[PDB]
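What follows is the residue order along each chain.
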Protein chains: 2
Amino acid sequence: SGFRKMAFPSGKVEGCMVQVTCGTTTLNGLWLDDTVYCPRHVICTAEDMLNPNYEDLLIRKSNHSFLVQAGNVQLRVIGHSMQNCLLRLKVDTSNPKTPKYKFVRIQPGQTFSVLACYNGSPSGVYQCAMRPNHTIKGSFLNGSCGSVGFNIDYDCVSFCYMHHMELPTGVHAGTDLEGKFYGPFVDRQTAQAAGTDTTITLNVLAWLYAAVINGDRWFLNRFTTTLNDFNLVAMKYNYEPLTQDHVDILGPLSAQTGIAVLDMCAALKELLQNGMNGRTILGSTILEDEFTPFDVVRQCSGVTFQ
Amino acid sequence: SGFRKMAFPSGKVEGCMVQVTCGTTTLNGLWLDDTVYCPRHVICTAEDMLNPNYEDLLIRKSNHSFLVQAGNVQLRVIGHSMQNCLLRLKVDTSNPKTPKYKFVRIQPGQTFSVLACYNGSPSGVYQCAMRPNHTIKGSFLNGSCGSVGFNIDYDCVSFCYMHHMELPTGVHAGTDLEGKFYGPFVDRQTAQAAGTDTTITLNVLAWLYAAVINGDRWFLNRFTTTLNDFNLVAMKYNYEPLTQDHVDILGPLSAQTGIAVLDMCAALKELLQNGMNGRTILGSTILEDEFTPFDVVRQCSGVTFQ
Ligand SMILES: *[C@](O)(C(=O)NCc1ccccc1)[C@H](C[C@@H]1CCNC1=O)NC(=O)[C@H](CC1CC1)NC(=O)/C=C/c1ccccc1
Ligand SMILES: *[C@](O)(C(=O)NCc1ccccc1)[C@H](C[C@@H]1CCNC1=O)NC(=O)[C@H](CC1CC1)NC(=O)/C=C/c1ccccc1
């Protein structure tokens, strides 16, 4: 038993991190087969950043404008193109540690593990959720650009995030592995603000099911609710509206616990209206929204402590 | 910026996990050079566990009583001995992925990363602290025995924990890599209870320094306190007494922020006495005690957001 924000084991990703330098700018890149992926702003200098024209800035570089280092070893660049907000650098050597992989664009509310990296050297690993406002609450310092997010399913690594920027509120923004930003953000050193955020309702509910699987029932009640009545309370507490598709996703957890979804919604509504009255759930005093239903099934026992 | 419970990158440890089977019992083991380490209860059957005599149970096995699997590959055992609560199995092949390593016994209040493992296959990674009562708040299911805890410093892995049991309250207990238990616990399927726990004072203070490094000052105040006056309030809130050595450990953080330790103690005392008044610190509504001063220096910027 127990319940923790767990990340995926990071080994397969560690063996793909490199350093990419252009001029005075060093950041991290990702070496799969004979391509290295990195944020396109590696080509920029201080001056360029308020208002860069990347097409203009890039045509002025050659292959040898880029230095790629994998550990001790210099990799020779032999090709370069820009794909949305990344560069793809062709190199002379195929990464022998390339895992089986794919690139996915993850959806708001989904979770992934981040491998924080500095100078191509992995520093730490942690789990986070893509927020509804398309940011992540990471932990990232100067040098972290190019750090990747990922999920692992059955020895296949699904890359989903590359790091690019920190916003004024201290949260983080970046792209998928085709270089398309998550959210309305752009890679310029300008003023941009996160949109207003909301609590991820589906995940809160999934975590309450986890608390029940792990043997705690205190917050349950004898009521039920309709969706719609649930949703009027949700809006007032800045929770995402729940939908029938979300109700259906909770099926498996519902069956493992014998608690119908709308019954767990009445439980949630009562917690939003009355507080937790100094009690905890899975050790927390707050309602947690950074575990998906999938995260719950993966970590919790397949048998309820009834 | 940002602040997260971060674990060490897990790659070096992943390449050392194996499966160890004896009779009907399968659990995980740790393969360094030509030794495999595992919990000694792998030799036990259901029957044996209420009251095992391991010396008696072990003399009745041979080398071939043990099956070791590294991925697809069977490793041949050629030697066996018991060291406290572990077995050391000599094998015919030296692990080619053996990292640079050491074995340490960690102290109460220190932190490490756990690589949760099932059937020799790594499943997840998370950070936790050795509690003052010598337990950890892990997340561990059937099959997790043999999962290891570790720290990484400068490409050297310091193993410090191997997993053995879950207590009735849902927290976890095990040994260092010489097989000595943390705490008063024994490897028998009997009734044992965690001793009463306390909050780790030094870590709470270190995390308040992190909140200041990251630019938040709201909880500060104009007071100071003596140690002793601090400690009378500590005892009443089930906090560990603070000592002069702990005050000295906080030196570097104190200097980076310009906040004297006893001034941060007055801040803490005021938070214990008055609450947080619906406010948060580093995103939390609770006082966090699972970051050491070292964890703070490692993750936070070396320059304060003043
Ligand atoms: C990455 O570019 C990065 O790490 N680059 C390498 C590097 C940077 C600085 C010194 C040495 C090496 C930056 C990562 C940021 C920095 C702080 N934490 C992070 O996550 N990214 C940026 O600096 C980024 C570049 C922009 C093109 C996209 N800009 C910002 O993060 C801007 C922040 C900002 C601007 C204005 C007001 C408030 C915040
Ligand atoms: C490990 O032994 C383990 O994983 N073994 C492999 C295995 C076990 C069961 C099925 C299939 C494979 C156990 C890990 C525990 C199980 C639940 N979560 C864990 O952390 N450890 C034990 O079962 C352990 C063995 C004892 C010799 C030390 N016992 C306990 O954990 C006992 C718990 C208990 C007993 C009585 C009351 C309440 C709790």
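Residues numbered from 1 in each chain as written, not as in the entry; some residues may be left out. Chains lettered and ligands numbered in written order. Heavy atoms only, no water.

In its metadata, the entry names X-ray crystallography as the structure determination method and reports 2.00 Å as the resolution.

**Regarding the site of ligand 1**
All names here are of chain A. The condition is simple: A cutoff of 4 Å decides nearness: a residue is near a molecule or strand if any of its heavy atoms lies inside that distance of it. In the analysis that follows, any N or O atom pair within 3.5 Å is treated as a polar contact, provided that within protein one partner can donate a hydrogen and the other can accept it, and provided that, for residues neighboring in sequence, both atoms belong to side chains. Areas reported here follow the Shrake-Rupley algorithm with a probe of radius 1.4 Å; residue values treat only the protein chains shown as occluding.
Neighbouring ligand 1 are 17 residues, the closest being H41, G143, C145, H163 and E166. The contact in question runs from a nitrogen atom of ligand 1 to an N or O atom on the backbone of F140, over 3.2 Å. Within the side chain of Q189, an N or O atom sits 3.0 Å from a nitrogen atom of ligand 1. Considering ligand 1 on its own, with 820 Å² of exposed area, one finds that the protein chains cover 71% of that surface.

**Digging into the sheet that holds strand β4 (residues 67-70) of chain B**
Residue and element names in this part refer to chain B. This is how the line gets drawn: In short, DSSP must find at least two bridges between two strands for them to pair. Helix and strand assignments follow DSSP, with helices taken as H or I runs no shorter than four residues and strands as E runs no shorter than two, numbered in order from the N terminus. Angular values range over 0 to 180 degrees, each being the angle between N-to-C directions of two axes fitted as lines to C-alpha atoms, with helices fitted over their stretch in contact.
The strand order across the open sheet formed by 7 strands is β5-β4-β1-β2-β3-β7-β6, and the pairing between neighbours is antiparallel. For this open sheet the edge positions go to β5 (73-75) and β6 (77-83), each flanked by a neighbour on one side alone. Across the sheet, the mean angle from the axis of one strand to that of its neighbour is 30 degrees, orientation sign disregarded. As paired elements, β4 and β5 share 3 bridges and run antiparallel to each other.

**Some words on the site of ligand 2**
Residues and elements named next belong to chain B. Rule in force here: Residues are grouped as follows: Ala, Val, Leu, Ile, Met, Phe, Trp, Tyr, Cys and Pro are nonpolar; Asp, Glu, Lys and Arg are charged; all remaining types, including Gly, are polar. Either an automatic procedure or a domain database provided the assignment from which the domain bounds are taken.
Looking at ligand 2, there are 17 residues lining it, with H41, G143, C145, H163 and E166 nearest. Here an oxygen atom of ligand 2 and a backbone polar atom of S144 are 3.2 Å apart. Grouping the amino acids of the shell around ligand 2 by side-chain chemistry returns 5 nonpolar, 10 polar and 2 charged. Two domains each put at least three residues into the shell around ligand 2: domain 1 (1-14 + 100-197) and domain 2 (15-99).

**Some details on the packing of aromatic side chains**
Operational definition: In this analysis, rings of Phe, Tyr and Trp, with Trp reduced to its six-membered ring, are considered paired at centre separations within 6.5 Å, and the interplanar angle assigns stacked below 30 degrees, edge-to-face beyond 60, and tilted for intermediate values. With a 1.4 Å probe rolled over the protein chains alone, any residue whose accessible area is under 20% of its type maximum counts as buried; one over 50% counts as exposed, and the rest are partly exposed. Two thresholds decide whether a charge sits over a ring: the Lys NZ or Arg CZ must be within 6 Å of the ring centre and within 35 degrees of the ring normal.
Scanning the model with the defined rule gives 16 aromatic pairs over all chains in all. Between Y101 of chain B and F103 of chain B, the aromatic rings sit 5.5 Å apart at their centres with planes inclined by 40 degrees, giving tilted as the arrangement. You can call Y101 of chain B partly exposed: its relative accessible area is 26%. When its relative accessible area of 28% is taken as the criterion, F103 of chain B is described as partly exposed. Summarising the aromatic geometry, the rings of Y101 of chain B and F159 of chain B are spaced 6.4 Å apart at their centres and angled 65 degrees between planes, so their arrangement reads as edge-to-face. Remark: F159 of chain B occurs in strand β12 (residues 156-166) and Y101 of chain B occurs in strand β8 (residues 100-103); sequence separation between them is 58 residues. Among the aromatic residues, ring-to-ring pairing joins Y37, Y101, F103 and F159 of chain A into one connected group. Here the guanidinium or amino end of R40 of chain A rests over the ring plane of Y54 of chain A, the centre of that ring lying 3.8 Å away.

**A word on the domain arrangement of chain A**
Domain assignment breaks chain A into domain 1 (1-14 + 100-197), domain 2 (15-99) and domain 3 (198-301). For domain 2 of chain A and domain 3 of chain A, the distance between their C-alpha centres works out to 44 Å.

**Quick notes on the side chain of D48 of chain A**
All names here are of chain A. Defined as follows: Positive charges come from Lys and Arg alone, negative charges from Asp and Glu alone, with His and the N- and C-terminal ends not counted. Here, a salt bridge means any side-chain nitrogen of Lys or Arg that lies within 4 Å of a carboxyl oxygen of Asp or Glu. The criterion used for residue contact is that any of the two residues' heavy atoms lie within 4.5 Å.
Structurally, the position occupied by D48 is in the loop between β3 (35-39) and α2 (54-59). Although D48 is buried, it forms no salt bridge, and the closest oppositely charged side chain is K61 at an N-O distance of 6.5 Å. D48 has contacts with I43 and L57, leaving out every residue within four places of it along the chain.

**Focus on the nonpolar core**
What counts here: Among buried residues, the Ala, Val, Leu, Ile, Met, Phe, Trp, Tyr and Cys ones that are joined through side-chain atoms within 4.5 Å form a nonpolar core.
Ranked by size, the top nonpolar core spans 38 residues in total, and within it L30 and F159 of chain A together with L30 and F159 of chain B carry the most contacts. Where this core is concerned, the elements lending two or more residues are β2 (25-32), β9 (111-118), β11 (148-153) and β12 (156-166) of chain A together with β2 (25-32), β9 (111-118), β11 (148-153) and β12 of chain B.

**Details of the pairing of β9 of chain B**
All names here are of chain B. A large share of β9 lies buried, amounting to 8 of its 8 residues. Here β9 shows a buried face lined by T111, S113, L115 and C117 and a second buried face lined by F112, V114, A116 and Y118. Alignment of β9 against strand β10 (residues 121-129), held across 8 bridges, turns out to be antiparallel. Bridge pairing in β10 links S113 to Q127.

**Looking at the interface of chain A and chain B**
Counted only if it meets this: Put simply, buried area is how much 1.4 Å-probe accessible surface two parts lose in total, over both of them, once they are put together.
Contacts between chain A and chain B engage 35 residues on the former and 35 residues on the latter. Both faces considered, chain A and chain B share a buried interface measuring about 2,400 Å² in area, 48% of it formed by carbon and sulfur atoms. The three residues of chain A that bury the most area against chain B are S1, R4 and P9 of chain A, which together make up 29% of that side's buried surface. On the surface where chain A and chain B come into contact, there are 20 residue pairs in polar contact. Among the secondary structure elements, those contributing two or more residues to the side of chain A that touches chain B are α1 (11-14), β10 (121-129) and α8 (293-299) of chain A. The element best represented in the side of chain A that touches chain B is β10 of chain A, accounting for 7 residues. By residue class, the composition of the side of chain A that touches chain B is 14 nonpolar, 14 polar and 7 charged.

**Describing the sheet that holds strand β5 (residues 73-75) of chain A**
Residues and elements named next belong to chain A. Taken together, the 7 strands give an open sheet; going across it, the order is β5-β4-β1-β2-β3-β7-β6, and neighbouring strands pair in antiparallel fashion. Looking at which strands have only one partner, the edges of the open sheet turn out to be β5 and β6 (77-83). If you compare each strand with its neighbour and ignore which way they point, the axes differ by 30 degrees on average. Judged from the 6 bridges that link them, strand β1 (residues 17-22) and β2 form a sheet pairing that is antiparallel. Directly across from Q19, in β2, lies its bridge partner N28.

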